[PDB]
Amino acid sequence: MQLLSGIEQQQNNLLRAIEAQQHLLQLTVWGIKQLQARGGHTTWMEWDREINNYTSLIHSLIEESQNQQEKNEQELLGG
Amino acid sequence: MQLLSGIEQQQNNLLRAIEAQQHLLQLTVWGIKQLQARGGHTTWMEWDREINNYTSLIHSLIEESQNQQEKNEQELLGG
Amino acid sequence: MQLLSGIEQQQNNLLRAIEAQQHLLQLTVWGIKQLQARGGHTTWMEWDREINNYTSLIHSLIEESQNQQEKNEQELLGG
C-alpha cells in the first residue's frame, strides 16, 4: 500500500497545482479584459493581492510535490 | 493491471490538462501583444470564444482527473 | 522496479512542466502590469524572447511526458 499511496497522493498534488494555476489564468484573462476595455486603483490592488495569494499557493503545492517525489523515489530505491 | 492502469491513465489526464492550459497561455500572450501594439471587435469576440472553449475543456479535464483520483484511491483501499 | 520507476519519473516531467508553465504565468502577469502602468522596445524584445524560451521548454517537457506515457503503457501491456 505504501508506495502506490505515495504515487496516487502526488497525483493529487499535481492536480491541485493545475487547479491553482487555472485560477491564476482567469486572473490574467481578467486583467487583459480590463485593459482592452480602456483608473480603478482599489480594484487593481485587490488583483495584485490575489495574484500573490495564488502564486504563493502554487509554489507551496510545487514544493509539496517536490517533497513527495523524493519520498516516492526514496521508497522505490531499496524497498 | 487494474490499479496501475488507473494510475497511468490519470497521468494522461493531467498531461491533457497541462496541454490545454498551455494553449490558454498562448491566448493570454496573444492578448497582451495586441494591447502593447496599441478596435477589432470581431477579433476580440473570437478571442473570448476561444478563452471559454479552452476554459470549459480544462474544467472538464480537471473533473475527469478528480473522478479518476477517487477511483484509484477506492481501488487501493480494500483491494 | 522498472514500471514504477517509469511512473514516478513521468510525475517529475509533469511537475517540471507545471514549474515551467508557472514561470510563463509570471511573464504574462509582468506584461499586464506594464500595460496597466501605461515605449520600451528593448525590454519588450527580451520579454518576447523569454516567452519563446519557456514556450519551447514547455513543449519539450510535454513531448517528453508523451514519450514516457507510451513507454509506461507499453510496459504495462504484456509485462
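Proteins get letters first, then strands, A, B, ... in listed order; numbering begins at 1 in each. Below, all heavy atoms of this structure are taken into account, side chains as well, without hydrogens, waters or symmetry copies.
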Between A:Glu50 and A:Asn53, is a side chain to side chain donor-acceptor pair (under 3.5 Å) present by the stated rule, with each step listed?
-> CA-CA 5 Å; A:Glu50 282 312 275; A:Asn53 290 2; 2.8 Å; yes
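Proximity of C:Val29 to A:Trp47: side-chain heavy atoms (C-beta onward) are separated by under 4.5 Å at one or more points. Using a 4.5 Å heavy-atom cutoff, the side chains of A:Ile7 and A:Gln68 are not in contact. The shortest side-chain heavy-atom distance between A:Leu61 and A:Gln21 does not fall under the 4.5 Å cut-off. For the pair B:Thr55/B:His59, a side-chain contact is recorded, criterion being any heavy-atom separation below 4.5 Å from C-beta on. Taking the side chain as every heavy atom from C-beta outward, C:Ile32 and A:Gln34 never approach each other to under 4.5 Å.
Here B:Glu70 pairs with nothing under the side chain to side chain contact (heavy atoms under 4.5 Å, CB included) rule; sequence neighbours left out. When the side-chain hydrogen bond (donor to acceptor under 3.5 Å, both in side chains) test is applied to C:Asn67, no partner is found at least two apart in sequence or on another chain. Judged as a side chain to side chain contact (heavy atoms under 4.5 Å, CB included), and not counting sequence neighbours, the contacts of C:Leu15 are A:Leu14, A:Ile62, A:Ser65, A:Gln66, C:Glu19. B:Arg49 meets the salt bridge (charged side-chain N to carboxylate O under 4.0 Å, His left out) test with B:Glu46; sequence neighbours excluded. Under the side chain to side chain contact (heavy atoms under 4.5 Å, CB included) criterion, A:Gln69 pairs with A:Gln10, A:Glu73, C:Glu8, C:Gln11, C:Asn12, not counting sequence neighbours. When the side chain to side chain contact (heavy atoms under 4.5 Å, CB included) test is applied to B:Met1, the partners found at least two apart in sequence or on another chain are C:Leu76, C:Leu77.
C:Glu75 and C:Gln2 are not linked by any side-chain donor-acceptor pair at a separation below 3.5 angstrom, with hydrogens and angles left out of the test.
Between the side chain of B:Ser60 and the backbone N or O of B:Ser56 there is at least one donor-acceptor pair closer than 3.5 Å. B:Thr28 places a side-chain N or O within 3.5 Å of a backbone atom of B:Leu25 that can act as its donor or acceptor partner.
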